[PDB]
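To start, the structure under review is shown below, and the notes come after it.
What follows draws every value from the coordinates through simple rules; no lab data is involved. Neighbour counts run over all protein chains shown; Cβ positions are idealised from the backbone, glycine included.
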Amino acid sequence: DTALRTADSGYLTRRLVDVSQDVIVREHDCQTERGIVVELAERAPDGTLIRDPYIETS
Amino acid sequence: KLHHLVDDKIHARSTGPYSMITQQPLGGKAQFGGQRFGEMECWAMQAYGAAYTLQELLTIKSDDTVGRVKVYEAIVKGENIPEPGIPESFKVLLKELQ
Amino acid sequence: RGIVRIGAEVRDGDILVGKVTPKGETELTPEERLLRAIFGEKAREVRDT
Amino acid sequence: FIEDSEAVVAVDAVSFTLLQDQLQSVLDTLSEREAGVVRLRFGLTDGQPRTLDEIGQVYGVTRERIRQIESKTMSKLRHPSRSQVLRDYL
Amino acid sequence: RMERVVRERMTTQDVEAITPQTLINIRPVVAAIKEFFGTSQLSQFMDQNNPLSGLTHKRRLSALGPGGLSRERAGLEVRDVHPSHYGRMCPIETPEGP
Amino acid sequence: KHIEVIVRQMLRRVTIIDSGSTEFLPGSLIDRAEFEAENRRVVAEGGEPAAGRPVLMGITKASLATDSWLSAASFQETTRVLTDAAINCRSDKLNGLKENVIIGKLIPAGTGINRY
Amino acid sequence: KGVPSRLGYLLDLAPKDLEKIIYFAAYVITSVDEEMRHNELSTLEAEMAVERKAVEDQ
Amino acid sequence: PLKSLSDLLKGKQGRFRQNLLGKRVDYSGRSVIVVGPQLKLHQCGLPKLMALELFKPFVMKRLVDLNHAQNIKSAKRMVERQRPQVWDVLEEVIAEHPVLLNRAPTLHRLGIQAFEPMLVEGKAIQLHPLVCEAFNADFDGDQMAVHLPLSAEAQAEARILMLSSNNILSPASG
DNA sequence: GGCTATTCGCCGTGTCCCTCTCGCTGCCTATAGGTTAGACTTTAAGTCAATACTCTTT
RNA sequence: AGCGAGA
DNA sequence: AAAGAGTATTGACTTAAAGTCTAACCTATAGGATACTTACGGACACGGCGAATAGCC
Ligand SMILES: [Mg+2]
């Protein structure tokens, strides 16, 4: 299973690289108001802020 | 003692034979191995943003038939490395497409 | 006979066996001709391999 | 080993480069009159080895002079002053 | 092949002037055996790294070759152990490569 | 963020429902920036808003829809891409990274962009 | 041969058909007549009446 | 089948993905790797013979400048027989010359890093242990290729962007 | 009543299959023209050598 | 072109 | 002031080279007439096409 999986992984990386072969930084800031919302901690039912587990990557 | 002795593995190459239909010197320790700077290595090089070294590698270390003697001359005599030219494989591609 | 002596220590590049190939015809260089004159030695033809 | 065994070396090329540099230098050390004849006898100046007649004609002199001097130059060029620095390029 | 050659030439064989020795052309057979023992996949260059290596090159069952599964076309289900292997083929000894 | 970058690359093309009156074949997959550019071009001189809808297309298709035949050819399915680009008399402007690698001039990234 | 056959689409010739043409397996017309076509069609209607009558006579 | 004029272009072995974007290169080496804990993070061992060969042009220049040899071809003869005088000059030249060390496959950006080479006796690139993870290179017969930047731009790039001590945090998750 | 179009299925062809490295074997006859190659007879270029006079050095 | 092998 | 060396003359001898001519010896082409007249993996995807039903001519 190791061999076929590394083959497919290499092909996938080739695909992803090609699609993103032209995503490079150009400007410092666009000042665009638009954005996304990230949840961070979720309100506890008793009332408390527990840090969301997958915050370090979000 | 397994039969993977270092003496049979160590290898180095500064200049030597080149392939026939293309430059990009001959691979293999048997002849004079030029180590393959394959595609993933190009990707790694790009990811650093390191562009001049990439161009140097793929042009005057590997293929460019005119620059190559020029860089050798510059190294021998101590001058600035010249500007890279067009790799000799792009022209064979042009001729084949034509 | 152009064969290295038996049981002899050798190093990378040392002549294992001395062979020479016929050079046929080769256009020589005037600068080489002047050199050969400076040393006044045999130009020689049979190519060395 | 024959695979592109007839391409450039970049070692022979540079060796020839410095060869002609040092040849022109050592030739420039001695008097020019010997130098023109030695150049064109073997055709170094322009690639045409001319004979005693042509050199004598170019400089309006008899071929016998040129043979003497080209022999005089050939005999004088055994001097280690010229041959010593230009010894290993052979 | 030899029988095909014979059968072909029989239409042009004058009757009673033919004997087996002039009738049989052995060259295809010798050619076939030679080209087998040289460059046939299942005629492998002996591997005498040590007596055990030479011994184990014998008794070696390869599933690939003329009329066999090649690495690419071979699936993932031929490579795994079968309960029938017990006592007929080693589940342990195997190349680690592709 | 890496993932966000990829999905961004995925969502850059809109499908054309209404051709309007401007050279857009129905079902065409056209970049949104060019879509807007055409729209600002055609609002004047008579407005014919060519309606379009966002669409999600696989990584392979997004790659093979680039405006660079020398890169698409380097990628995959060489024969078809060259035939298409030839029929269209397509001209590659040599702006990406794979292309600059292939022809051996300096990549426009990192130490290669026109400010450094 | 590269599907879709760009020649086939350009000329609107079905792929098998086009192949049979360009590999010398079936004839194709390339020009035809119009008005004088009408006038000799009437003449040709008479001539095929003659030929049909002859074949029916035999 | 005859290799048609188009088979030159397609596939893994077509012209696009064997010879244009990926090329073999001069001024490169390869050897097995052995852990060296005595090295600093920005250092890597490099065997004497391999370094001599890789740097044969530069060492020639230096030993002609030092008058150990009269001229270039005499110097080339001097190096081809590894004459004793050509080791000290070698130590002089290699100093402050960065080198890239790749380990195939380069799964990520940290698959190729620039170190400052140092001479070691025997035939084995002495790698720094702490970068082992970055290469995923573990010492049981891996072979690590070495590349030598030449141009001033390349040397700056290797010395600055690629230096092993300058890349500690992963580009993926930091 | 039959054929075609608008709607489904169905099947066939093409494309892809990680990287880097090491060692070893694979009938006959007849014409005509080229062809250089090979020797003869010129040269043309080269080498030796006598001689002598003038200039420079000790 | 074909074999075998290392990571 | 004398002697030695170099820079010239001239002739005399010598050898490569080379331009004709040969010859002979390869080399390229044509032709052959009793009668015979038919080979020897697997997944994804899209485009070219089975099976149906309804409507129109
Ligand atoms: Mg390992």
Inset, instruction - Just name one of C:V46, C:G7, C:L34: the one whose Cα is farthest towards the positive end of the charge dipole of chain C (beta-carbon charges, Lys/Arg +1, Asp/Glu -1). - result: C:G7
Inset, instruction - Pop out the ³J(HN,Hα) list for the range H:98-111 in order, Karplus 6.51 cos²θ - 1.76 cosθ + 1.60 with θ = phi - 60°, rounded to Hz; leave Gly and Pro as x. - result: x, 9, 8, 10, 9, 10, 5, x, 9, 4, 8, 4, 7, x
Inset, instruction - Can you pull the one-decimal nm distance between simple spin-label points at A:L49 and F:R8, each 7 Å off the Cα toward Cβ? - result: 2.8
Inset, instruction - Report, in degrees rounded to the nearest 10, the 0 to 90 angle that the Cα long axis of helix A:2-19 makes with the longest principal axis of chain A. - result: 80
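Quantify how strongly other chains surround peptide G:27-40 by giving the mean number of their Cβ atoms within 10 Å of each of its Cβ atoms.
For peptide G:27-40, the averaged partner shielding equals 0.
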Inset, instruction - For the protein assembly as shown, just the Cα set please: Rg and Dmax, both in angstrom. - result: 36.6, 121
Legend entry - Estimated inter-spin distance, F:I17 and D:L90, nm [label 7 Å along Cα→Cβ]: 9.2
Inset, instruction - Once every Cα of chain G carries one equal point scatterer and solvent is ignored, give the base-10 log of I(q)/I(0) from the Debye formula at q = 0.12, 0.15 Å⁻¹, two decimals. - result: -0.57, -0.69
Inset, instruction - Per residue of the range H:147-158, in order, report the coupling 6.51 cos²θ - 1.76 cosθ + 1.60 (Karplus, θ = phi - 60°) as ³J(HN,Hα) in whole Hz, putting x for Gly and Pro. - result: 10, 10, x, 10, 5, 4, 4, 5, 5, 4, 4, 5
Inset, instruction - Name the long-range amide H neighbours of H:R15: under 5 Å, sequence gap of 5 or more, or other chain; modelled H, no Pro or chain starts. - result: H:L9, H:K10
Inset, instruction - Would you give the gap between the C-alpha center of the range E:22-98 and the C-alpha center of the range D:12-84, rounded to a whole Å? - result: 71
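Taking the number of other C-beta atoms within 10 Å as the exposure measure, put G:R6, H:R62 in order starting with the fewest. Please list the in-between numbers first.
Working: G:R6 14, H:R62 19.
The fewest-first ordering by Cβ neighbours comes to G:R6, H:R62.
Report the Stokes-Einstein translational diffusion coefficient (µm² s⁻¹, integer) for chain E, Rh taken as the Kirkwood radius over Cα pairs, at 10 °C with viscosity 1.306 mPa s. Before the final figure, lay out each step's value.
Details: Rh = 18.1 Å.
Calculated translational D: 88 µm²/s.
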Inset, instruction - Over the whole of F:48-61, what's the average partner chain Cβ count within 10 Å per residue? Rounded to a whole number, please. - result: 1
Inset, instruction - Give the long-range amide H neighbours of H:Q113: residues separated by 5 or more places, or on another chain, with amide H under 5 Å away, using H modelled in the peptide plane at 1.01 Å from N. - result: H:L101
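Divide, for chain H, the radius of gyration over alpha carbons by 2.2 N^0.38 Å, where N is the residue count. Mind showing how you got there, number by number?
On the way: Rg = 18.9 Å, N = 174, 2.2 N^0.38 = 15.6 Å.
Taking N as the residue count of chain H, the ratio is 1.21.
Report, as an integer, the average count of C-beta atoms from other chains found within 10 Å of each Cβ along H:135-146.
2
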Inset, instruction - Could you tell me whether chain A comes out rounded, prolate or oblate from its Cα gyration tensor? Rule is a ≥ b ≥ c as square roots of the eigenvalues, rounded for a/c under 1.5, then prolate if a/b exceeds b/c, otherwise oblate. - result: oblate
Inset, instruction - Would you calculate a helix-derived [θ] at 222 nm for chain F, using -39,500 (n - 2.57) for each DSSP H run of n ≥ 4 and dividing by the full residue count, to the nearest 500? - result: -12000 deg cm²/dmol
Legend entry - Extent along principal axes [Cα atoms of chain B; Å; largest to smallest]: 52, 39, 31
Legend entry - Helix C:30-39 axis, angle to chain C major axis (alpha carbon atoms, nearest 10°): 70
Legend entry - Inverse of mean 1/r across different Cα pairs in chain C, Kirkwood, Å: 13.6
Inset, instruction - Check cross-link reach from H:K76 to the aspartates and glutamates: straight Cα distance under 13 Å, and skip same-chain residues fewer than eight apart. - result: D:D12, D:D88, H:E53
Inset, instruction - Give the residues of the range F:1-29 whose amide nitrogen is closer than 17 Å to a point set 7 Å from the Cα of H:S173 in the direction of its Cβ. - result: F:1-4
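Return the FRET efficiency for the residue pair D:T17, F:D67: r is the Cβ-Cβ distance, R0 is 51 Å, and the value is rounded to the nearest 0.05.
Numbers: r = 46 Å, r/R0 = 0.91.
The formula returns an efficiency of 0.65 here.
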Inset, instruction - Determine the calculated [θ] at 222 nm for chain A from helices alone, applying -39500 (n - 2.57) to every DSSP H run no shorter than 4 residues and normalising by the residue count; nearest 500 deg cm²/dmol. - result: -10500 deg cm²/dmol
Legend entry - Least to most buried among H:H68, A:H28, E:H57 (fewest other Cβ within 10 Å first): A:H28, E:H57, H:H68
Inset, instruction - For the range B:17-29, take each phi angle, set θ = phi - 60°, evaluate the Karplus expression 6.51 cos²θ - 1.76 cosθ + 1.60, and give the result in whole Hz per residue in order, putting x for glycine and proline. - result: x, 10, 5, 7, 6, 10, 7, 6, x, 4, x, x, 4
Inset, instruction - Check cross-link reach from F:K61 to the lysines: straight Cα distance under 18 Å, and skip same-chain residues fewer than eight apart. - result: F:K98
Legend entry - Spin-label model distance (nm) - G:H38 vs G:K16, 7 Å beyond Cα toward Cβ: 3.8
Legend entry - Cut-off under 5 Å, modelled amide H: who pairs with H:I125 long-range: H:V32, H:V34
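Can you figure out the FRET efficiency of H:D140 with B:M20, using R₀ = 30 Å and their beta-carbon distance, to the nearest 0.05? Can you show the working numbers first?
Numbers: r = 37 Å, r/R0 = 1.24.
The computed FRET efficiency comes out at 0.20.
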Inset, instruction - Quickly estimate the mean residue ellipticity at 222 nm for chain B, helices only: each DSSP H run with n ≥ 4 gives -39500 (n - 2.57), and the total goes over all residues, rounded to 500. - result: -10000 deg cm²/dmol
Legend entry - chymotrypsin sites (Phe, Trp or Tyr not before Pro) restricted to DSSP loop in the range D:8-60 with at most 16 other C-beta within 10 Å: D:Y59
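Based on other C-beta atoms within 10 Å, arrange H:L5, G:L7, F:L70 from fewest to most. Show your work: numbers first, answer last.
Details: H:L5 8, G:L7 14, F:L70 24.
Ascending Cβ contact count within 10 Å gives the list H:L5, G:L7, F:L70.
To the nearest 0.05, how large is the calculated FRET efficiency for D:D53 and H:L5 if R₀ is 60 Å and r is the Cβ-Cβ distance? Intermediate results must be reported in sequence, preceding the final value.
Numbers: r = 57 Å, r/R0 = 0.95.
Result of the calculation: an efficiency of 0.60.
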Legend entry - For the range B:6-82 versus the range H:107-174, the gap between their alpha-carbon centres in whole angstrom: 18
Inset, instruction - Hey, for a label at A:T13 modelled as a point 7 Å past Cα toward Cβ, could you say which residues of the range E:62-97 have their backbone N under 16 Å away? - result: none
Legend entry - For the range H:1-99, convex hull of alpha carbons as volume per residue, Å³: 202
Legend entry - Out-of-range pairs (alpha-carbon distance over 31 Å; input B:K91/G:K1; B:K77/D:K72; C:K19/H:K12): B:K77/D:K72; C:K19/H:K12
Legend entry - Helical segments meeting 20 Å axial Cα length and Kyte-Doolittle -1.0 threshold in chain D (DSSP H): D:12-29
